[PDB]
């Protein structure tokens, strides 16, 4: 399928190639700095040609947001299936020690999931799938050789601020958790688990409808959530009682 070919290609490219810097048209290379700020940009750019190639092999049109602040990173679809669009959003996080538990921020819970056309490239109801390509890497402190530029002939002598990159492709609802991913910017939080749990889809929601109802009615602060629900057990009790 489009999905299995896509993760096979991302998994393969990740295994083979390592990104090591930004290059100028003049051929000068600038090394990579430390944060997920830098790495999240790098893994998203790494992913673009792969996603396009597989999408094309399958007959899909690939569209990135023409406007800033709009989800998703990539919209895929066949002209013949306008209402079966696929959203793919790339998310990244890090670990300090290889293999510990990780969590991702999955985007807002008060934009398009509550307003069909808010901050999304096509109306929400035109999408039938929302996939997350998740990247995890282990941090490696920057070295005092990262601060010089390099020429192409030194490509593999460039130090990297990361190691152990892993990648997965999973449905957003499947890896969504029940605790916010951020406060002031109201993000859905994924489960906090091991990389394999994301691959296997060991999340907390039983269905995509449950994930949506939960996040569509999740209040913004602990105060606002006090008489409602703050986690999945509380939400299921709240559902049991009649949404009260």
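Numbering follows the first chain given and starts at 1.
Here 66 to 74 and 212 to 220 are compared by their mean Cα B-factor, and 66 to 74 comes out higher. In this entry, the higher average B-factor at the C-alpha atoms falls on 23 to 31, of the pair 23 to 31 and 178 to 186.
The residue among 170, 110, 105, 156 whose C-alpha carries the highest B-factor in the deposited model is 156. Per the PDB entry, 152 shows the highest C-alpha temperature factor of the residues 132, 152, 129, 120. For residue 95, the recorded CA B-factor ranks within the highest third of the chain. Only modelled residues enter the ranking. Looking at the C-alpha B-factors along this chain, the one for residue 148 belongs to the highest third.
The deposited CA B-factor of residue 61 belongs to the highest third of values across its chain. Per the deposited record, the Cα B-factor of residue 37 falls in the highest third when ranked against the other modelled residues of its chain.
Among the modelled residues of the chain, residue 235 sits in the lowest third by CA temperature factor in this PDB entry.
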